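Reviewing the structure listed below.
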Amino acid sequence: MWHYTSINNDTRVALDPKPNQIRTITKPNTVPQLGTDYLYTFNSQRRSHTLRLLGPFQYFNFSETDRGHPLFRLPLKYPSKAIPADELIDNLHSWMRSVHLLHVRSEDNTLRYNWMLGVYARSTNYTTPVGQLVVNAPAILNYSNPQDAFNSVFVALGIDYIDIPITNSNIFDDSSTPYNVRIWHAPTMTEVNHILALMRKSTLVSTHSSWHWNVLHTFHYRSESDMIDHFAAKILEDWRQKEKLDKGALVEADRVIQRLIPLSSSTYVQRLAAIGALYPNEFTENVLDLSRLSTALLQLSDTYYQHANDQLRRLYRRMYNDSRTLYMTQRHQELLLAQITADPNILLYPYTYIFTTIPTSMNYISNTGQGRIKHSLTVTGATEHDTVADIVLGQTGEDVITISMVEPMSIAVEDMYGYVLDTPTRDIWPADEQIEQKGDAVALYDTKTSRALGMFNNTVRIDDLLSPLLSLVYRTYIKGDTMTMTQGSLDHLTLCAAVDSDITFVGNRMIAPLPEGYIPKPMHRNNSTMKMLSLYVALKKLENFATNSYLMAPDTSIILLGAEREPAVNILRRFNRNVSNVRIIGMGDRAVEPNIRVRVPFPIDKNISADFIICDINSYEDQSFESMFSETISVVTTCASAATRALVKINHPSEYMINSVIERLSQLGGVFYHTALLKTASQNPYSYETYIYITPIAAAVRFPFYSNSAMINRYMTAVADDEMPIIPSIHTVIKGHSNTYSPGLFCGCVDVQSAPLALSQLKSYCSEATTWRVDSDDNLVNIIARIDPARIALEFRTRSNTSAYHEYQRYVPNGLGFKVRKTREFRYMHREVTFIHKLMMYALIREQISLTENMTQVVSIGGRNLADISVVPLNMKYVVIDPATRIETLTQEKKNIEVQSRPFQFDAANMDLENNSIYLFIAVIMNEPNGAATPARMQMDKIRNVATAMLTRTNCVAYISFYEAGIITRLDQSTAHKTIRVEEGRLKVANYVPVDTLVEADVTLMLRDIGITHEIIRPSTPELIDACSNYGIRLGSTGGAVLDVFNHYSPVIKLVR
Amino acid sequence: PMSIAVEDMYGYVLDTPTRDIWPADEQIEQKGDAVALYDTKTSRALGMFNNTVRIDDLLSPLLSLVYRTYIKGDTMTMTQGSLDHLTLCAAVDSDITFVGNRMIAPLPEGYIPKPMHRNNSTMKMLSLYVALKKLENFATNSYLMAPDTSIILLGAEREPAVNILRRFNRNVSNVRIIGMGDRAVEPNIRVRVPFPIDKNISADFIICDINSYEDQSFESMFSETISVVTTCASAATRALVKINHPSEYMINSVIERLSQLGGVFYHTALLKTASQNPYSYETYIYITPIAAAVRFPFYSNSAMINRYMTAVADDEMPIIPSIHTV
Amino acid sequence: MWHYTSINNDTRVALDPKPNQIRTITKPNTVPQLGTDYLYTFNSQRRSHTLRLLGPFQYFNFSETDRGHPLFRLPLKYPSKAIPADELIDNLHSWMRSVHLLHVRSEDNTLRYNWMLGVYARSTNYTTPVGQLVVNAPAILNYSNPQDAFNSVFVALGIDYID
Amino acid sequence: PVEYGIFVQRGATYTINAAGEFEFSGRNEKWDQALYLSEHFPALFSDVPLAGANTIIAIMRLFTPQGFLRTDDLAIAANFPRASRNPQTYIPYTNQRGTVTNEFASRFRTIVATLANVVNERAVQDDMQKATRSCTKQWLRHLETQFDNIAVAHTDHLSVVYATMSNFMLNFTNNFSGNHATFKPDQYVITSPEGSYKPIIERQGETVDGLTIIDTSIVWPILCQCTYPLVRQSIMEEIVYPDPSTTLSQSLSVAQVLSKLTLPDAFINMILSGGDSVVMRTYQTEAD
Amino acid sequence: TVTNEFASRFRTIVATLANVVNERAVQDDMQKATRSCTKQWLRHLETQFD
Amino acid sequence: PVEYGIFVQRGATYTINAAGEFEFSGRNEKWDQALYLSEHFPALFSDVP
Ligand SMILES: C[S@@+](CC[C@H](N)C(=O)[O-])C[C@H]1O[C@@H](n2cnc3c(N)ncnc32)[C@H](O)[C@@H]1O
């Protein structure tokens, strides 16, 4: 694999036809075809038509009579649409028929036409001395030995050389030629040594290391810029060739060193050649913007010289001084010795300098194509920044990047219609309990809910999340892209909600095509509209479970109370336009017709009635607690007396409020109603305003009352705020290893040279940080970074400031990205519900870990790749016992970490519990290390053994998470099975096997028979506000729906001694 | 260039382990063969063939023909999730809508989509995805991702694979398709091996395809590939990690490592995709825990391994096809 | 919940691009798109064509040479049917390519182009004293601190204000 | 007006960056000759295609030269003075002995094809009578044939005179590479450390007995009232080949006069070349 | 400017006015010569304004 | 103009405190020779960078 292997051959001599072929090489009979005769592309954005001919024709100088042909006039038939094949094909057939090369057919088997000379002869209408030489003796063009082909012309003309102009490979660019080739008399190597030595005295001239037909030729440039672009394209060719030559693959390329030698040139060329011969670039299959190439490579010289060790630097300087030298790797020269041994007559550029050493330097990344980089920065590296200067990110325009308040949802259409109920648990409601909860209600009401929870409630508004999804449903409709969905299906309801017009159906499966003359206006939804739709879906899905069509039953009716319910009634009415006799009434104050406008309490004479009632009445706000209590009571009373099935919103869901509600329904009906506290997925994610489903059933409702229900806990654990909520700041300066920063972001731009340092400093605070350049022209790199508390809780365990800065140096300048288009980041990014749950759990644990005294260390079993670390204070030692945490002992030693990469043993005898240590057991009991589910009895064995080991030690606190069984019966009833879903009775977290669930009473039973003190605890709303504000994460909508049930039903056990 | 059926390109061929135990002397005897085969490189002839008949050049005329029939409107019928659909997703750089489950949405009248841009390792990653859906269950006709499930594709330049995969699964709800690896443009995360210690990637599936750093100690490639398989297995129930240097010692130390991490043995098998380069010895290893204990966990003299082992230092420079005339 | 909470910021200073961006903010290469580059609606009943440009272009005083462009002649191709996207898109692409703001590119990371002043300068064919001030010294449009951006123009022109 | 609008809005002039791409002014502004020495070029002569103003681009593409870039071979053989490292000159037209039709006359005829359609467009837009149109059209055909007549005397007989004149000893600077879009003459100066430099080339306002003022109207007599030896219709006047000795002897006379001219000043400047001096404190750093 | 904005606007004014007078002429069956004359007088004013 | 704006922002004039340090006005004002006999100096000749 070490030696280079290649089948070198002159492709240009190969391209030249035998003389008899010349009459037919124009193919007068057959029509030219793409992918063979030619290829043409319309670069749609640049509005340019590039036509490259193929085969022998690919090198061709057009006669001015050739340019008078229509085929070249074709681009001017446009802008802009691509030339239809049929016009192009036949016009090309016409001009190809037009060309009649002079030649002499011959029966000898060794002759080949001198394609270049004959084409150049014809191109000048044969008035050049080489042209008339072709005319009087066309047989001269024929040749066997490739070199003598031009020799016979030189001797016949008595001239020292010939200058051939070169056409653009694109044949639609009638523009000035960059340069022109000059074939030289040569033929002995010595004549070449002379021609080059003399060539040093000229101006803008360059040669390849080896020449086609074994005849020396030198390019001569009209201007230094044309030279720069040529040298660039060829440096790139030599790199792309070397990249596979080093991989040992066979290479059929024409010459071993495709790089040009600057026989005479400007400084920029000498430097381009010097940096070009060093092969700095890493192999890259990504498409390059070939147009900006020179600039790119010059920037690369500008970087290579800027950061190379002094000996490499001096080597590039030597290279830059002996520009007429051809520097080359030893393997290259070995290949040359091979081809000289094979063909002794061959000419090669003589003035080479072999590299005894291939230089030791990092390969540079280079993707000149579109795409912002999203670096996943590592906490530690080779470089040690003893003290770094502050980096000031120059402020960004919104033209280059915007920052919205909240990330819009990206979700499936079915997901938005996804309710998640909570059934009542307690069997009775003793009179003292009512007082004890009444005080909590009067207090929570008179002293309002947290400003942070309320701000989040009113910041991530659901309409803004849903809108891009609902808007996309609309745009596919009006352009006719949609045409198939079942009637009554949720996608149909979504179409009714995305367009303000009737939806006819030519058949049950096919949508009626949009009438040709018009485009319907987008549907107008208020923020509470989609929630009302999801409550309707919840009602049809609670009336019966298996239903596919959410259409109203015939001869049935429904009412929608509450302000501004008009869009809901419109989408509902038009959704049910097909079903016969479907009344859909509307009600509420501020309600335009069709909706009745009425105020709460409803007028005493009025007697509303339906099969269904989606009450959604808002609180009047400015009132006594006695007032909101009596008002909501009468609202539920009226909502229940009229409908067999109901779904009334509760603005202030105190345990006392809801239990007094069930007490009221029992007071009215005798037999208890079957209530459940629903929470729609289309409802605002942070809203605590849960709904209560209500329906009488023939069976008596055992356990009618709620207590400690998750829907209620969303409202109860919310309390008066201690301080004003954190507002996502966007700081620009990057201090090195400085702890102080607000939650938020790190937007800015900085010069590409100081860019690696920027990421080398940025790593201290940010788990990842996207970076890009507007263009190859731009000297700056735009940079965005979220500030994650976990990484800050990792990098700040010690004063050490290691970083992968040396690797980041390779990305400069082209390895950092490019994106002319705007990017829109968000002050609040989306994340999955389970990750947020782990954040609330880590906050619930971390804010207790601070209050405790004496315990030196945190042993977090199951803390994969230090996920648990945000819990741990910077002074504390941290130990992980996960047989999946990869070990770098340098990082263990660096951040005061210790990691035992063995499975933790749950047996009581071998357990190594210790005094004054905090044992974290977060979601580890549920799974074996390989990922197989642990049976519930085995989990009981795990908690039993851990409490048993904990009985015999001081200052030990354990936090063992467990999924409760009671969630299953919840999730089986609810539709929002996204991410968290029941399967075979086992709860399934995303990216996990379903895991069997423990019973809580059994857990407290084993924990009380063990006799150890214990506290069931679950993260609360303040924890949610803490995590979502601190990380910059925003709640998902379906995630917001599922999150309360998911959180209350995975309690953490807190053992303590 | 290859001339082949579209289904043929998605065609993995595994090799299950045979030996029931791994005695300590055998590890030394294979360790010498590994250190020797690594420090003294593989044959220049096998490597030249490995790098001459590149798979992209073979596949291209087939993949290009799939494209040309599309833009002229000649194609219009294929089932969703079918391998021909994946091939269309791989032959065209645009979204593929379906007016029905059987009928392709007609190309919009005003435009022709640009040809899809594949790097040489793209099609191999696609075939490994097909291998994963076909190893998760055998009879499947649609290779679409299951709803509310995710997958990650480690390794440099995995972008075209993630694009074709994402657009292939545009219809299925909630289908995350993450990307990773050094030199990786967005959507793909750019990260270097070893993965950062804080980072905690996770999915139902992991098609690892990490390349060797080449300029390193054998101890280095051993520890690095070991940590790569460790991370690749801890995150996914099902995995398909590439082994650049499949010595019997390497792979058996890999199974030894998985037993060292999980207790119970993983059900490994050495897969080799049909869309992989024909001469490459870089076989993949499928990895999945099972409730049953894995009897005969270890490999020896397996064909996938023999492709690498019987390769040795070349005696002479490989024959290069001359074209003589007389 | 009682105290007001807000992230106040000057949206107009935010809208202004860095100077290197100015050559490409006209986007000569890429075709403009609805919902981003612009939004246009045909109020079918009023038979009126409302076209609002977006981004930095949303605040722009057209030169009388700019009004001579076909893109502004588009509503008069009608009444009444809404302008087909393809005519509007490309005409907008033409006029957007037509605008060449004077500026000086700079490697500093803190500069932003004075979008308003440069657009107003161009709009009068640079015969206003602020306009010729932009012509002889385009680098003056560049600024870091938002306030001094207009100050440097006031001091340079010796004038008490600008309309 | 619309074509000109888009045009002049692109910029009246442009420069060439180190990248080599043209960058336009974006700013209407009359050209003045001072600009000729700078990095600027006039925009009409740029030949960068511009959308919506293609007609101006075509008419400007009527201005592209038909000649070629001859190497000043004989002058180099004779070692005549030459400021360029590779002397070259642009001949206005190639010789075309063989063809049935002069390529030069053909191109001029296509030029009058374009120009005639431009004048017909302009006439119909401006409601002109058909007769006056017939008259301009006929005058145009007339020029086309007159050009067809003199085209030989140019391509075949003036071209040689431009080539031998290209070789003369005194024509030392390069004049034109034949590419209008990127041409800029090399600008040597006589720099001095002890003074301001003197450009060899500047707008000094020495019109040289009126020589530097250019009457383009000279094309009219040349096309339409001057016979050439090569075009008899056929007297066959014998061609004159001038004795080299006359132009040679005046060239040489100019040269010797020039050297002998510089001589006395150049001698004293050599004597005093070391005489320029700088004031210099010498601080002492030793006891003695 | 290379061109007075005032003269430019007057020229577009005479563009509109000239097309209005050509419309009026062709509707009223006028001879082409008298049309050439009004059109020429219009161009004449355009340059005088210039 | 820009360099001008910075300079005049420093002040068109200055005094010289007992330390000898210059103290610029921060203010633009037209000079008058009424100032020649006072503490103030034209700032253009401060020769302070
Ligand atoms: C729940 S998972 C990691 C998720 C973790 N909560 C986090 O924040 O990233 C727990 C990990 O601990 C390891 N593990 C599982 N069971 C274990 C056990 N019984 N003893 C020690 N480690 C175990 C597994 O490798 C598993 O990946």
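As shown in the structure tokens, the chain order sets the letters A, B, ...; within each chain, residues go from 1, and ligands are also counted from 1 in the order they appear.
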_Surrounding residues as a VMD selection string, ligand 1, max 8 Å, only C-alpha atoms and all ligand atoms_ = (chain A and resid 838 861 to 868 881 to 885 902 to 906 922 to 931) or (chain B and resid 200 234 to 235)
Output as a VMD selection string the set of chain B residues within 7 Å of chain A, with distances taken over only C-alpha atoms. chain B and resid 42 to 44 47 to 48 51 to 52 99 119 148 to 149 173 to 174 183 185 to 186 189 to 191 196 to 200 202 to 204 227 230 to 231 234 237 261 to 262 289
Print the selection's residues with N, CA, C and O atoms to a file, as a CSV table (one decimal), in the first residue's frame.
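Dumped to out-v5.csv:
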```csv
chain,number,residue,atom,x,y,z
B,42,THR,N,-1.5,-3.9,5.4
B,42,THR,CA,-2.2,-4.9,4.5
B,42,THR,C,-1.7,-4.7,3.1
B,42,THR,O,-1.1,-3.7,2.7
B,43,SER,N,-1.9,-5.7,2.3
B,43,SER,CA,-1.3,-5.8,0.9
B,43,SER,C,-1.7,-4.6,0.0
B,43,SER,O,-2.8,-4.2,0.0
B,44,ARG,N,-0.7,-4.1,-0.7
B,44,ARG,CA,-0.9,-3.0,-1.6
B,44,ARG,C,-1.8,-3.4,-2.8
B,44,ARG,O,-2.5,-2.5,-3.3
B,47,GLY,N,-5.3,-3.4,-1.2
B,47,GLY,CA,-5.7,-2.1,-0.9
B,47,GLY,C,-5.9,-1.3,-2.2
B,47,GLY,O,-6.9,-0.5,-2.3
B,48,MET,N,-5.2,-1.6,-3.2
B,48,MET,CA,-5.4,-1.0,-4.5
B,48,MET,C,-6.7,-1.4,-5.2
B,48,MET,O,-7.4,-0.6,-5.8
B,51,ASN,N,-9.5,0.3,-3.3
B,51,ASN,CA,-9.6,1.7,-3.6
B,51,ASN,C,-9.8,2.0,-5.1
B,51,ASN,O,-9.8,3.2,-5.5
B,52,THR,N,-9.8,1.0,-6.0
B,52,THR,CA,-9.9,1.2,-7.4
B,52,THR,C,-11.4,1.0,-7.9
B,52,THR,O,-12.0,1.9,-8.4
B,99,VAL,N,-49.8,11.1,-3.3
B,99,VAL,CA,-51.2,11.4,-3.4
B,99,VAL,C,-52.0,10.2,-2.9
B,99,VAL,O,-53.2,10.4,-2.4
B,119,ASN,N,-22.0,10.9,-1.3
B,119,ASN,CA,-20.6,10.6,-1.1
B,119,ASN,C,-20.4,9.0,-1.1
B,119,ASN,O,-21.5,8.3,-1.1
B,148,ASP,N,-42.5,7.7,16.6
B,148,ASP,CA,-42.0,8.1,17.9
B,148,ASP,C,-40.7,7.3,18.2
B,148,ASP,O,-40.4,6.9,19.3
B,149,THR,N,-39.9,7.1,17.2
B,149,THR,CA,-38.6,6.5,17.3
B,149,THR,C,-37.5,7.3,16.6
B,149,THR,O,-37.8,8.1,15.8
B,173,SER,N,-44.9,10.0,11.4
B,173,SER,CA,-44.9,11.0,12.4
B,173,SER,C,-43.7,10.8,13.4
B,173,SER,O,-43.3,9.7,13.7
B,174,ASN,N,-43.2,11.9,13.9
B,174,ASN,CA,-42.2,11.9,14.9
B,174,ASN,C,-41.0,11.0,14.7
B,174,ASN,O,-40.6,10.2,15.6
B,183,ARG,N,-16.0,16.6,10.7
B,183,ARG,CA,-16.3,17.1,9.4
B,183,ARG,C,-17.7,17.1,9.0
B,183,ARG,O,-18.0,16.9,7.8
B,185,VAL,N,-21.3,18.8,8.5
B,185,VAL,CA,-22.1,20.0,8.4
B,185,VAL,C,-23.5,19.7,9.0
B,185,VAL,O,-24.0,18.6,9.1
B,186,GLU,N,-24.2,20.8,9.4
B,186,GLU,CA,-25.6,20.7,9.9
B,186,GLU,C,-26.4,20.2,8.8
B,186,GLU,O,-26.2,20.5,7.6
B,189,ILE,N,-24.5,16.8,13.7
B,189,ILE,CA,-23.6,17.4,14.7
B,189,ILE,C,-22.1,17.1,14.3
B,189,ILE,O,-21.8,15.9,13.9
B,190,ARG,N,-21.2,18.0,14.5
B,190,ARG,CA,-19.8,17.8,14.2
B,190,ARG,C,-19.1,17.5,15.6
B,190,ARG,O,-19.0,18.4,16.4
B,191,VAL,N,-18.6,16.3,15.8
B,191,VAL,CA,-17.9,15.9,17.0
B,191,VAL,C,-16.8,15.0,16.6
B,191,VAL,O,-16.8,14.3,15.6
B,196,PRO,N,-17.3,13.5,23.4
B,196,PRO,CA,-17.2,14.3,24.6
B,196,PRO,C,-17.9,13.6,25.8
B,196,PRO,O,-19.0,13.1,25.6
B,197,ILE,N,-17.3,13.7,27.0
B,197,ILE,CA,-17.8,12.9,28.1
B,197,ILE,C,-19.2,13.3,28.6
B,197,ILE,O,-19.9,12.5,29.1
B,198,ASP,N,-19.5,14.6,28.5
B,198,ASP,CA,-20.8,15.1,28.9
B,198,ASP,C,-21.9,14.6,28.0
B,198,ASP,O,-23.1,14.4,28.5
B,199,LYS,N,-21.6,14.5,26.7
B,199,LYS,CA,-22.6,14.1,25.7
B,199,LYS,C,-23.2,12.8,25.9
B,199,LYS,O,-22.5,11.8,26.1
B,200,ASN,N,-24.5,12.7,25.7
B,200,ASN,CA,-25.3,11.4,26.0
B,200,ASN,C,-26.3,11.1,24.9
B,200,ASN,O,-27.5,11.1,25.1
B,202,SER,N,-28.6,8.9,22.4
B,202,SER,CA,-29.4,7.8,22.6
B,202,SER,C,-30.5,7.6,21.5
B,202,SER,O,-31.0,8.6,21.0
B,203,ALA,N,-30.8,6.4,21.2
B,203,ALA,CA,-31.8,6.1,20.1
B,203,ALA,C,-32.2,4.6,20.2
B,203,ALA,O,-31.6,3.8,21.0
B,204,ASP,N,-33.2,4.3,19.4
B,204,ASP,CA,-33.6,2.9,19.2
B,204,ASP,C,-32.5,2.1,18.3
B,204,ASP,O,-32.4,0.9,18.4
B,227,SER,N,-13.9,1.8,22.9
B,227,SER,CA,-14.8,2.8,23.4
B,227,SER,C,-15.9,3.2,22.5
B,227,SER,O,-17.0,3.5,22.9
B,230,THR,N,-18.4,0.5,22.9
B,230,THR,CA,-19.0,0.7,24.2
B,230,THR,C,-20.1,1.7,24.1
B,230,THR,O,-21.2,1.4,24.5
B,231,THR,N,-19.8,2.9,23.6
B,231,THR,CA,-20.7,4.0,23.5
B,231,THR,C,-21.8,3.6,22.5
B,231,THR,O,-23.0,3.9,22.7
B,234,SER,N,-24.1,1.0,24.6
B,234,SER,CA,-24.8,1.5,25.8
B,234,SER,C,-26.0,2.3,25.5
B,234,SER,O,-27.0,2.4,26.3
B,237,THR,N,-30.5,-0.4,21.9
B,237,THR,CA,-30.8,-1.8,22.0
B,237,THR,C,-30.2,-2.5,20.8
B,237,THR,O,-29.9,-3.7,20.9
B,261,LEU,N,-19.4,-5.3,30.2
B,261,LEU,CA,-20.3,-4.2,30.6
B,261,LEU,C,-21.7,-4.7,31.0
B,261,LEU,O,-22.2,-4.2,31.9
B,262,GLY,N,-22.2,-5.7,30.3
B,262,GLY,CA,-23.6,-6.1,30.5
B,262,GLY,C,-23.9,-7.3,31.4
B,262,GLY,O,-25.0,-7.5,31.8
B,289,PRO,N,-28.6,-7.1,22.7
B,289,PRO,CA,-28.9,-7.9,23.9
B,289,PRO,C,-30.1,-8.8,23.7
B,289,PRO,O,-31.1,-8.3,23.1
```
Please tabulate, as a tab-separated table, the residues of chain C that come within 9 Å of chain F, each with its closest pair of atoms and the distance in Å to one decimal, counting only C-alpha atoms and ordering rows by chain, then residue number upward.
```
residue	atom	partner	partner_atom	distance
C:133	CA	F:1	CA	7.9
C:136	CA	F:1	CA	8.8
C:137	CA	F:1	CA	7.0
C:139	CA	F:2	CA	7.8
C:140	CA	F:2	CA	5.7
C:151	CA	F:5	CA	8.1
C:152	CA	F:5	CA	5.2
C:153	CA	F:5	CA	7.9
C:154	CA	F:5	CA	8.6
C:155	CA	F:5	CA	5.8
C:156	CA	F:1	CA	5.3
C:157	CA	F:1	CA	8.4
```
Filtering to C-alpha atoms, could you give me those residues as a short mmCIF file (atom, residue, chain, number, x, y, z; two decimals), in the first residue's frame?
```cif
data_model
loop_
_atom_site.label_atom_id
_atom_site.label_comp_id
_atom_site.auth_asym_id
_atom_site.auth_seq_id
_atom_site.Cartn_x
_atom_site.Cartn_y
_atom_site.Cartn_z
CA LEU C 133 -21.29 63.14 2.81
CA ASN C 136 -17.06 61.18 -0.26
CA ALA C 137 -16.77 59.11 2.95
CA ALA C 139 -17.13 54.53 5.88
CA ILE C 140 -19.01 57.13 7.95
CA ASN C 151 -23.97 62.07 15.75
CA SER C 152 -20.96 61.69 13.48
CA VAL C 153 -23.19 62.84 10.63
CA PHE C 154 -24.43 65.84 12.60
CA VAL C 155 -20.95 66.95 13.58
CA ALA C 156 -19.61 66.29 10.10
CA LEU C 157 -22.38 68.35 8.52
#
```
I'd like the neighbourhood of stretch 87-95 of chain C as a PyMOL selection string, where a residue qualifies if any of its atoms comes within 8 Å (using only C-alpha atoms), though same-chain residues fewer than 6 positions away should be ignored. chain C and resi 28+31-33+66+69-71+74
If we count only C-alpha atoms and set the cut-off at 10 Å, which residues sit around residue F:43, ignoring sequence neighbours fewer than 5 positions away in its own chain? Please answer as a count of residues only.
13
### Message
Which residue is closest to residue C:106? Choose from A:777, A:860, A:584, A:745 and count only C-alpha atoms.
### Response
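Of the candidates, the smallest distance to residue C:106 is held by A:777.
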Backbone DSSP call of strand (DSSP E) for stretch 185-251 of chain A, listed as a compact mmCIF listing (two decimals) with N, CA and C atoms, in the first residue's frame:
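As a result, states_7.txt now contains:
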```
# COMPACT_ATOMS: atom_id res chain seq x y z
N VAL A 205 3.95 33.36 -17.11
CA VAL A 205 4.06 32.10 -17.82
C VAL A 205 4.28 30.95 -16.86
N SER A 206 3.65 29.81 -17.19
CA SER A 206 3.73 28.62 -16.34
C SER A 206 3.68 27.32 -17.15
N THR A 207 4.25 26.25 -16.60
CA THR A 207 4.24 24.94 -17.26
C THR A 207 3.85 23.85 -16.31
N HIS A 208 3.32 22.77 -16.86
CA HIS A 208 3.07 21.57 -16.08
C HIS A 208 4.36 20.78 -15.92
N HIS A 217 4.84 22.60 -23.55
CA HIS A 217 3.99 23.77 -23.76
C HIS A 217 3.88 24.65 -22.53
N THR A 218 3.88 25.97 -22.75
CA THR A 218 3.80 26.91 -21.64
C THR A 218 2.61 27.83 -21.80
N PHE A 219 1.79 27.88 -20.76
CA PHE A 219 0.69 28.82 -20.68
C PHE A 219 1.22 30.23 -20.48
N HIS A 220 0.58 31.18 -21.15
CA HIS A 220 0.92 32.58 -20.96
C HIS A 220 -0.34 33.34 -20.65
N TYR A 221 -0.29 34.09 -19.55
CA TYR A 221 -1.50 34.68 -19.01
C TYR A 221 -1.68 36.13 -19.44
```
Using only C-alpha atoms, what table do you get, as CSV, when you list each residue of chain D with an atom no more than 6 Å from chain E, its nearest pair of atoms, and their distance in Å rounded to one decimal, rows by chain then rising number?
```
residue,atom,partner,partner_atom,distance
D:28,CA,E:1,CA,5.8
D:29,CA,E:2,CA,5.4
D:30,CA,E:2,CA,5.7
D:127,CA,E:36,CA,4.8
D:128,CA,E:36,CA,4.9
D:129,CA,E:33,CA,5.8
```
With only C-alpha atoms as the counted atoms, please give the residues lying no more than 9 Å from stretch 92-95 of chain D, apart from itself and same-chain residues fewer than 6 positions off, as a list in words. residues 127 and 128 of chain A; 65, 66, 67, 68, 104, 152, 154, 155, 156, 157, 158, 159, 160, 162 and 178 of chain D
Kindly determine which residues of chain A lie within 9 Å of chain C, considering only C-alpha atoms, and give the answer as a PyMOL selection string.
chain A and resi 45-47+392-400+402+448-455+720-721+724-725+727-729+748-751+774+777-780+820
ask   = Residues at most 7 Å from residue B:283, counting only C-alpha atoms, excluding those fewer than 5 positions away in the same chain, as JSON, numbers by chain?
value = {"B": [242, 243, 270, 271, 272, 304]}
Between atom CA of residue E:50 and atom CA of residue E:7 lies a distance of 5.1 Å
